[PDB]
Amino acid sequence: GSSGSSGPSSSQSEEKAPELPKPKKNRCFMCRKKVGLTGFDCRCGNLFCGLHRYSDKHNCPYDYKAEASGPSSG
Ligand SMILES: [Zn+2]
Ligand SMILES: [Zn+2]
């Protein structure tokens, strides 16, 4: 425990703030909307409100689509 008082001596910035923004915060990773239980875990390792879950909705980087049982050239 210590007060620790050192320059700058003048200070005009201090106020309660909400903990840092979680990496998920039970919120979509495309629109950033409260999904909580209505969340959707994509293969790319992200969360979606189901409306973006699709791969062609949030531009899913993953390739699982053209990885297994998917000889689709590309
Ligand atoms: Zn969404
Ligand atoms: Zn994805």
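FYI, the numbering for the sequence shown is 1 to 74, going by the entry's author numbering.
Note that the Cβ used here is the ideal one computed from N, Cα and C, for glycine as well.
Here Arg53 is not bridged, per DSSP, to any residue. The residues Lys24, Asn26, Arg27, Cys28, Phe29, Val35, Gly39, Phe40 and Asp41, in chain order, have a CB closer than 8 Å to that of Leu47 in the same chain once the five nearest residues on each side in sequence are set aside.
Taking non-hydrogen atoms of ligand 1 into account, the C-beta of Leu51 is found less than 8 Å away from one of them. In terms of CA proximity to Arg43, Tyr64 leads the group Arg32, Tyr64 and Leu51.
Judged by their CB atoms, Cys49 and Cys31 are nearer to each other than the 9 Å cut-off.
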